[PDB]
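**Student:** Structure in structure tokens, see below.
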Amino acid sequence: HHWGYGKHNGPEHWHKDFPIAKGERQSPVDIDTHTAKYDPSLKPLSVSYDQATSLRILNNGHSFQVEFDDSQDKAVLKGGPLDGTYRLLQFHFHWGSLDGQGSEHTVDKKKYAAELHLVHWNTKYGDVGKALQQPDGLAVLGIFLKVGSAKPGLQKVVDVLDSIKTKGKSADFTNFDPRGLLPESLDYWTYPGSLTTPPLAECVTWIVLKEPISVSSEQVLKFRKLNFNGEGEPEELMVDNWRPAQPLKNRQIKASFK
Ligand SMILES: NS(=O)(=O)c1c(F)c(F)c(SCCO)c(F)c1NC1CCCCCCC1
Ligand SMILES: [Zn+2]
């Protein structure tokens, strides 16, 4: 609607329209690495992206999102903390105005320049809209971005952003391989949480990778040239589209490693 990221419509306002914003399993959170307990019962994640079919990229006025065909079992996530199979629906990012900010999760209070979310839904619920109504409906793979060397697998995304500068713009984006956005290691933390944007539904198993990816200053600059506004309204750069850390409450963050 009118929710967004500014002073008058940002995260501190969302609770008026979405009261679960003050719920018991909200995301993101700070990852206290000394308190997260290694769980030797967790499994390696299985990330099977070999058959992914990207379709389109879209400026939705909050972020940009790369969508996939999830009408069968092509790109799927399973294992780790998950039971059953989760299909990849879309990925999007959160980023800052300055490199010292932009991530939603934090690690010992450290903020990363950006955070990538690969959003998957549990096939036992048949469609994403049903899955949003279930505590185990979605699995989101979160990957930190730091600024350093370019990520070559990101360049195709960055090069299309000028064709989707404003809200409501989209572009075919076929043949994109999300495998090129992953770091080497799949070591992760996991905890039960929520969407980080309205409706803030408490339906997500979070899987946050420990190893960040590096992206170049030029790449992240291109994110920051996007607009929150649509073609013809005052220009508002799309930056600082992150929700800060929420109370952990009665949750445990588990580590897959160490
Ligand atoms: N971080 S996240 O996964 O919760 C998320 C955002 F933070 C976003 F800012 C966005 S962009 C605008 C939301 O409509 C997003 F699509 C998602 N993805 C989902 C939320 C919207 C509901 C539709 C389908 C689930 C994906
Ligand atoms: Zn997100």
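Ordering of the structure tokens sets the chain letters (A, B, ...), residue numbers begin anew at 1 in every chain, and ligands are numbered from 1 in the order given.
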Extract, using only C-alpha atoms, all DNA, RNA and protein residues at most 12 Å from region 2-10 of chain A, discarding same-chain residues fewer than 5 positions from it, and format them as an MDAnalysis selection string.
**Tutor:** chainID A and resid 15:18 21 60:63 94:96 196:200 228:229 236:244
**Student:** Generate a file of the selected residues that holds N, CA, C and O atoms, formatted as an mmCIF file, in the first residue's frame.
**Tutor:**
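And here is the file that came out, result.cif:
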```cif
data_model
loop_
_atom_site.group_PDB
_atom_site.id
_atom_site.type_symbol
_atom_site.label_atom_id
_atom_site.label_comp_id
_atom_site.auth_asym_id
_atom_site.auth_seq_id
_atom_site.Cartn_x
_atom_site.Cartn_y
_atom_site.Cartn_z
ATOM 1 N N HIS A 15 3.350 -2.246 12.082
ATOM 2 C CA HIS A 15 2.461 -2.916 13.031
ATOM 3 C C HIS A 15 1.041 -2.410 12.958
ATOM 4 O O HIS A 15 0.106 -3.134 13.390
ATOM 5 N N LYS A 16 0.832 -1.145 12.563
ATOM 6 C CA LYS A 16 -0.575 -0.639 12.535
ATOM 7 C C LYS A 16 -1.422 -1.388 11.518
ATOM 8 O O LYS A 16 -2.590 -1.684 11.781
ATOM 9 N N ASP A 17 -0.805 -1.729 10.388
ATOM 10 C CA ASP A 17 -1.512 -2.446 9.343
ATOM 11 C C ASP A 17 -1.327 -3.925 9.422
ATOM 12 O O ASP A 17 -2.132 -4.629 8.758
ATOM 13 N N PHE A 18 -0.300 -4.398 10.157
ATOM 14 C CA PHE A 18 0.099 -5.793 10.214
ATOM 15 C C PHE A 18 0.509 -6.067 11.639
ATOM 16 O O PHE A 18 1.704 -6.040 11.940
ATOM 17 N N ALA A 21 3.560 -7.821 13.231
ATOM 18 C CA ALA A 21 4.894 -7.227 13.284
ATOM 19 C C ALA A 21 5.501 -7.268 14.672
ATOM 20 O O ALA A 21 6.697 -7.227 14.776
ATOM 21 N N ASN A 60 9.311 -4.011 -7.940
ATOM 22 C CA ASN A 60 8.005 -3.960 -7.292
ATOM 23 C C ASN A 60 7.812 -2.792 -6.371
ATOM 24 O O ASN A 60 6.789 -2.707 -5.613
ATOM 25 N N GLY A 61 8.675 -1.812 -6.408
ATOM 26 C CA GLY A 61 8.605 -0.656 -5.615
ATOM 27 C C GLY A 61 9.221 -0.790 -4.240
ATOM 28 O O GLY A 61 9.359 0.204 -3.542
ATOM 29 N N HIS A 62 9.662 -1.980 -3.871
ATOM 30 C CA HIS A 62 10.336 -2.243 -2.583
ATOM 31 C C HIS A 62 11.707 -2.842 -2.796
ATOM 32 O O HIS A 62 12.592 -2.658 -1.911
ATOM 33 N N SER A 63 11.820 -3.653 -3.833
ATOM 34 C CA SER A 63 13.004 -4.347 -4.244
ATOM 35 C C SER A 63 12.868 -4.721 -5.742
ATOM 36 O O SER A 63 11.894 -4.448 -6.431
ATOM 37 N N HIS A 94 18.019 -6.901 -0.385
ATOM 38 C CA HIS A 94 17.893 -5.755 0.457
ATOM 39 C C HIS A 94 19.273 -5.100 0.508
ATOM 40 O O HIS A 94 20.264 -5.842 0.575
ATOM 41 N N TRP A 95 19.328 -3.781 0.461
ATOM 42 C CA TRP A 95 20.642 -3.115 0.464
ATOM 43 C C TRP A 95 20.543 -1.775 1.035
ATOM 44 O O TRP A 95 19.453 -1.216 1.318
ATOM 45 N N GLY A 96 21.717 -1.159 1.247
ATOM 46 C CA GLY A 96 21.809 0.100 1.957
ATOM 47 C C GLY A 96 22.153 1.255 1.070
ATOM 48 O O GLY A 96 22.450 1.130 -0.120
ATOM 49 N N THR A 196 10.043 -10.683 5.946
ATOM 50 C CA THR A 196 10.550 -9.401 6.479
ATOM 51 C C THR A 196 9.878 -8.225 5.876
ATOM 52 O O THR A 196 10.259 -7.084 6.160
ATOM 53 N N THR A 197 8.899 -8.429 5.018
ATOM 54 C CA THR A 197 8.048 -7.384 4.504
ATOM 55 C C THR A 197 6.603 -7.766 4.799
ATOM 56 O O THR A 197 6.266 -8.927 4.944
ATOM 57 N N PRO A 198 5.705 -6.761 4.895
ATOM 58 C CA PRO A 198 4.237 -7.058 5.001
ATOM 59 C C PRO A 198 3.852 -8.085 3.947
ATOM 60 O O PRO A 198 4.300 -8.001 2.784
ATOM 61 N N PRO A 199 3.074 -9.098 4.315
ATOM 62 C CA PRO A 199 2.266 -9.180 5.553
ATOM 63 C C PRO A 199 3.029 -9.717 6.768
ATOM 64 O O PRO A 199 2.394 -9.946 7.817
ATOM 65 N N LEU A 200 4.346 -9.956 6.701
ATOM 66 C CA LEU A 200 5.136 -10.341 7.848
ATOM 67 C C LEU A 200 4.694 -11.714 8.419
ATOM 68 O O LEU A 200 4.859 -11.985 9.591
ATOM 69 N N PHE A 228 12.384 3.764 -5.932
ATOM 70 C CA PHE A 228 11.141 3.294 -5.299
ATOM 71 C C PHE A 228 9.884 3.782 -6.025
ATOM 72 O O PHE A 228 8.830 3.121 -5.984
ATOM 73 N N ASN A 229 9.941 4.984 -6.589
ATOM 74 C CA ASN A 229 8.794 5.604 -7.289
ATOM 75 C C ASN A 229 8.497 4.980 -8.648
ATOM 76 O O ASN A 229 9.343 4.378 -9.190
ATOM 77 N N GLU A 236 12.942 8.964 -5.903
ATOM 78 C CA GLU A 236 13.379 8.507 -4.593
ATOM 79 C C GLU A 236 14.216 7.257 -4.810
ATOM 80 O O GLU A 236 13.728 6.224 -5.259
ATOM 81 N N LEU A 237 15.533 7.393 -4.567
ATOM 82 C CA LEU A 237 16.380 6.255 -4.805
ATOM 83 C C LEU A 237 15.995 5.046 -3.957
ATOM 84 O O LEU A 237 15.721 5.213 -2.725
ATOM 85 N N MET A 238 16.021 3.843 -4.519
ATOM 86 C CA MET A 238 15.711 2.598 -3.782
ATOM 87 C C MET A 238 17.016 2.230 -3.054
ATOM 88 O O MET A 238 17.892 1.576 -3.611
ATOM 89 N N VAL A 239 17.052 2.666 -1.795
ATOM 90 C CA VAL A 239 18.156 2.327 -0.876
ATOM 91 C C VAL A 239 17.588 2.128 0.501
ATOM 92 O O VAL A 239 16.505 2.688 0.791
ATOM 93 N N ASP A 240 18.274 1.404 1.372
ATOM 94 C CA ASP A 240 17.806 1.185 2.737
ATOM 95 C C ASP A 240 16.442 0.534 2.747
ATOM 96 O O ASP A 240 15.592 0.874 3.572
ATOM 97 N N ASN A 241 16.288 -0.500 1.945
ATOM 98 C CA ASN A 241 15.031 -1.262 1.876
ATOM 99 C C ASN A 241 15.197 -2.555 2.732
ATOM 100 O O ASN A 241 14.855 -3.658 2.316
ATOM 101 N N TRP A 242 15.636 -2.358 3.969
ATOM 102 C CA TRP A 242 15.853 -3.452 4.939
ATOM 103 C C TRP A 242 15.038 -3.152 6.197
ATOM 104 O O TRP A 242 14.955 -2.023 6.672
ATOM 105 N N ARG A 243 14.544 -4.234 6.766
ATOM 106 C CA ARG A 243 13.915 -4.212 8.106
ATOM 107 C C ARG A 243 15.002 -4.496 9.134
ATOM 108 O O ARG A 243 15.788 -5.403 8.947
ATOM 109 N N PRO A 244 15.105 -3.725 10.213
ATOM 110 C CA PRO A 244 16.156 -4.075 11.163
ATOM 111 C C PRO A 244 15.812 -5.338 11.984
ATOM 112 O O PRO A 244 14.726 -5.921 11.936
#
```
**Student:** List every residue of region 5-109 of chain A that DSSP, applied to the backbone of this structure, places in helix (DSSP H, G or I), and write the result as a tab-separated table (two decimals) with C-alpha atoms, in the first residue's frame.
**Tutor:**
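Dumped everything to states.tsv:
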```tsv
chain	number	residue	atom	x	y	z
A	11	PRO	CA	9.29	-0.60	9.62
A	12	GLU	CA	8.25	1.23	12.79
A	13	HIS	CA	4.82	1.85	11.29
A	14	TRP	CA	4.08	-1.59	9.89
A	15	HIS	CA	2.46	-2.92	13.03
A	16	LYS	CA	-0.57	-0.64	12.53
A	17	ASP	CA	-1.51	-2.45	9.34
A	19	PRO	CA	-0.08	-6.40	14.01
A	20	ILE	CA	1.97	-9.65	13.84
A	21	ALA	CA	4.89	-7.23	13.28
A	22	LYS	CA	5.11	-7.47	17.10
```
**Student:** Could you pull the residues within 12 Å of residue 128 (chain A), counting only C-alpha atoms, minus those fewer than 4 positions along the same chain, as a PyMOL selection string?
**Tutor:** chain A and resi 70-71+86-90+119-124+132-134+136-139+203-204
**Student:** Save out the residues we just selected, N, CA and C atoms, as a short mmCIF file (atom, residue, chain, number, x, y, z; two decimals), in the first residue's frame.
**Tutor:**
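Ended up saving to result01.cif:
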```
data_model
loop_
_atom_site.label_atom_id
_atom_site.label_comp_id
_atom_site.auth_asym_id
_atom_site.auth_seq_id
_atom_site.Cartn_x
_atom_site.Cartn_y
_atom_site.Cartn_z
N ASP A 70 7.75 -22.09 -11.03
CA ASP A 70 7.63 -23.02 -9.91
C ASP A 70 6.40 -23.94 -10.15
N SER A 71 6.03 -24.18 -11.40
CA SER A 71 4.81 -24.96 -11.73
C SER A 71 5.26 -26.43 -11.84
N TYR A 86 11.01 -27.86 -1.13
CA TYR A 86 10.62 -26.47 -1.29
C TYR A 86 11.02 -25.94 -2.63
N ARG A 87 10.10 -25.43 -3.42
CA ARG A 87 10.41 -24.91 -4.72
C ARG A 87 10.76 -23.48 -4.76
N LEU A 88 11.79 -23.16 -5.57
CA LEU A 88 12.22 -21.77 -5.71
C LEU A 88 11.19 -20.95 -6.47
N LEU A 89 10.75 -19.86 -5.87
CA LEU A 89 9.80 -18.97 -6.45
C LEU A 89 10.42 -17.73 -7.04
N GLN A 90 11.33 -17.11 -6.26
CA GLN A 90 11.88 -15.80 -6.66
C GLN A 90 13.07 -15.52 -5.75
N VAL A 119 13.60 -17.31 -2.14
CA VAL A 119 12.35 -17.65 -1.51
C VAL A 119 11.77 -18.93 -2.08
N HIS A 120 11.51 -19.91 -1.24
CA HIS A 120 11.00 -21.21 -1.67
C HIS A 120 9.77 -21.56 -0.91
N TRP A 121 8.85 -22.34 -1.53
CA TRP A 121 7.60 -22.72 -0.79
C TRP A 121 7.48 -24.24 -0.77
N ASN A 122 6.86 -24.71 0.31
CA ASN A 122 6.74 -26.16 0.57
C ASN A 122 5.69 -26.76 -0.33
N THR A 123 6.11 -27.74 -1.14
CA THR A 123 5.20 -28.29 -2.12
C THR A 123 4.07 -29.04 -1.47
N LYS A 124 4.12 -29.40 -0.13
CA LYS A 124 3.00 -30.08 0.44
C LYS A 124 1.77 -29.17 0.54
N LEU A 132 1.84 -19.58 2.62
CA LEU A 132 1.99 -18.40 3.51
C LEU A 132 1.19 -18.51 4.74
N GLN A 133 0.22 -19.42 4.79
CA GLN A 133 -0.65 -19.61 5.92
C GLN A 133 -0.19 -20.70 6.87
N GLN A 134 1.02 -21.24 6.67
CA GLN A 134 1.49 -22.37 7.43
C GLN A 134 2.83 -22.06 8.09
N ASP A 136 5.39 -23.80 8.48
CA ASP A 136 6.46 -24.40 7.72
C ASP A 136 6.21 -24.23 6.20
N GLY A 137 5.58 -23.13 5.81
CA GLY A 137 5.24 -22.96 4.45
C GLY A 137 6.36 -22.54 3.54
N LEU A 138 7.29 -21.70 4.00
CA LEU A 138 8.36 -21.17 3.13
C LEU A 138 9.67 -21.49 3.75
N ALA A 139 10.69 -21.53 2.94
CA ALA A 139 12.11 -21.61 3.37
C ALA A 139 12.80 -20.53 2.58
N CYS A 203 5.78 -17.73 8.65
CA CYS A 203 5.65 -18.95 7.82
C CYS A 203 7.02 -19.41 7.31
N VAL A 204 8.10 -18.84 7.82
CA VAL A 204 9.41 -19.05 7.19
C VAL A 204 10.36 -19.83 8.07
#
```
**Student:** For residue 59 (chain A), which residue among A:208, A:161, A:76, A:215 is the nearest when counting only C-alpha atoms?
**Tutor:**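 Using only C-alpha atoms, residue 59 (chain A) sits closest to A:161.
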**Student:** Please run DSSP on the backbone and report, as a PDB file with C-alpha atoms, in the first residue's frame, all residues within region 105-134 of chain A that come out as strand (DSSP E or B).
**Tutor:**
```pdb
ATOM      1  CA  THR A 106      23.126  -9.242  11.385  1.00  0.00           C
ATOM      2  CA  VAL A 107      25.975 -11.364  12.729  1.00  0.00           C
ATOM      3  CA  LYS A 110      27.580  -6.649  12.045  1.00  0.00           C
ATOM      4  CA  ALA A 114      23.227  -6.256   1.267  1.00  0.00           C
ATOM      5  CA  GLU A 115      21.364  -9.519   1.668  1.00  0.00           C
ATOM      6  CA  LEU A 116      20.007 -11.859  -0.994  1.00  0.00           C
ATOM      7  CA  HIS A 117      16.807 -13.829  -0.238  1.00  0.00           C
ATOM      8  CA  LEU A 118      15.978 -16.937  -2.311  1.00  0.00           C
ATOM      9  CA  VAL A 119      12.350 -17.650  -1.505  1.00  0.00           C
ATOM     10  CA  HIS A 120      10.996 -21.213  -1.667  1.00  0.00           C
ATOM     11  CA  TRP A 121       7.598 -22.720  -0.792  1.00  0.00           C
ATOM     12  CA  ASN A 122       6.744 -26.156   0.572  1.00  0.00           C
TER      13      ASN A 122
END
```
**Student:** My list of candidates is A:234, A:183, A:40, A:84. Which is closest to residue 142 (chain A) when distances are computed with only C-alpha atoms?
**Tutor:**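 Looking only at the distances to residue 142 (chain A), the closest residue turns out to be A:183.
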**Student:** Which neighbours of residue 79 (chain A) fall inside 8 Å, counting only C-alpha atoms, when residues of the same chain fewer than 2 positions from it are skipped, and could you give them as a PDB file with C-alpha atoms, in the first residue's frame?
**Tutor:**
```pdb
ATOM      1  CA  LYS A  43      21.740 -32.103   7.528  1.00  0.00           C
ATOM      2  CA  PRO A  44      23.706 -30.582   4.719  1.00  0.00           C
ATOM      3  CA  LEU A  45      21.497 -28.288   2.761  1.00  0.00           C
ATOM      4  CA  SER A  46      20.524 -29.665  -0.630  1.00  0.00           C
ATOM      5  CA  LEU A  77      15.740 -26.732  -1.648  1.00  0.00           C
ATOM      6  CA  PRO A  81      16.453 -28.257   8.812  1.00  0.00           C
ATOM      7  CA  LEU A  82      13.695 -28.896   6.292  1.00  0.00           C
ATOM      8  CA  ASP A  83      11.298 -31.778   5.866  1.00  0.00           C
ATOM      9  CA  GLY A  84      10.104 -32.264   2.339  1.00  0.00           C
TER      10      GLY A  84
END
```
**Student:** Please determine, counting only C-alpha atoms, which residue among A:85, A:72, A:135, A:231 has the shortest atom-to-atom distance to residue 202 (chain A).
**Tutor:**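 Ranking A:85, A:72, A:135, A:231 by distance to residue 202 (chain A), first place goes to A:135.
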**Student:** Expressed in Å to a single decimal, how great is the separation between CA of residue 80 (chain A) and atom 6 (C, counted along the ligand's line) of ligand 1?
**Tutor:**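 Interatomic distance here is 22.3 Å.
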**Student:** Using only C-alpha atoms, which residues sit within 9 Å of residue 99 (chain A) once same-chain residues fewer than 3 positions away are excluded, as a list in words?
**Tutor:** residues 95, 96, 102, 111, 112, 113, 114, 146, 147, 217 and 220 of chain A
**Student:** Counting only C-alpha atoms, which of A:221, A:58, A:75, A:154 gets nearest to residue 169 (chain A)?
**Tutor:**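 The answer is A:58, which sits nearest to residue 169 (chain A).
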**Student:** For ligand 1, which of A:247, A:193, A:153, A:178 is the closest residue, counting only C-alpha atoms and all ligand atoms?
**Tutor:**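 When distances to ligand 1 are compared using only C-alpha atoms and all ligand atoms, the smallest one comes from A:193.
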**Student:** Find the distance between CA of residue 214 (chain A) and CA of residue 29 (chain A) and write it in Å to one decimal.
**Tutor:**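 Here the two named atoms are 21.8 Å from each other.
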